[PDB]
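Presented as structure tokens, the chain that follows is alone, the form solved without the RNA.
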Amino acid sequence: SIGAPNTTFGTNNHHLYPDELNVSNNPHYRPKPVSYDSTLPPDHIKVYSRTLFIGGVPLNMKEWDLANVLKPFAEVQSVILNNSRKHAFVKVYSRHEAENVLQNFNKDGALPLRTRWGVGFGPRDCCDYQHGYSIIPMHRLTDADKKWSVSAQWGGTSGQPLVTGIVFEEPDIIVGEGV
């Protein structure tokens, strides 16, 4: 209602919405579900994807067409569409939303889009794109990587320290600063 988003973004990052806030007055508010399992290796963290990878993309559909086809399935937070590759990546605000998309989307096989697990945050060498998660060693997490894992508004730990065995849904890929 108040103002327009951007329709392409790029000044900050590929989110549909501006800075906003994960506050209770925002209807985009989501919980920070965190767990701790000792079954994980030492100095590692678990990251569930809230990101869909999209194959089969017709070149005429854009970022807000992805938000439009997924609108009755879940709220879309961010999107990187690559028409030259015939694909998109689409980040929704919760893991439960991303599963609720995957569960109902293209069940008949009529839509051109092919919904899979993508990654907003995840190491390729410790990935599990089949289950839709990755496990990350804290020795490879940069200052920015841990900064989002603690400080990200959607996903991460809710401001808790990264401990061995910590589980959550992917932190936002804001960045801030220079460098």
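Residue indices: 1-based, along the sequence shown.
Heads up, the form deposited with the RNA bound isn't pictured, but that's what we're talking about next.
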### Listed residue that, although the RNA is not shown, lies within 4.5 Å of it in the entry with it bound (heavy atoms), from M61, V119, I135, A67
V119
### Message
My question is simply whether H87 lines the interface with the RNA in the entry with it bound - judged by any non-hydrogen atom within 4.5 Å.
### Response
yes
### Query
Contact between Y36 and the RNA in the entry with it bound at 4.5 Å, heavy atoms?
no
#### Entry: Partner proximity in the entry with it bound: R114 to the RNA, non-hydrogen atom cutoff 4.5 Å
yes
### Message
My question is simply whether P31 lines the interface with the RNA in the entry with it bound - judged by any non-hydrogen atom within 4.5 Å.
### Response
no
### Task
Just one of 124 to 132, 38 to 46, 138 to 146, 23 to 31 has residues with a heavy atom within 4.5 Å of the RNA in the entry with it bound, so point it out.
124 to 132
### Message
Please determine whether each residue of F53, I80 and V175 possesses a non-hydrogen atom within 4.5 angstroms of the RNA in the entry with it bound.
### Response
yes
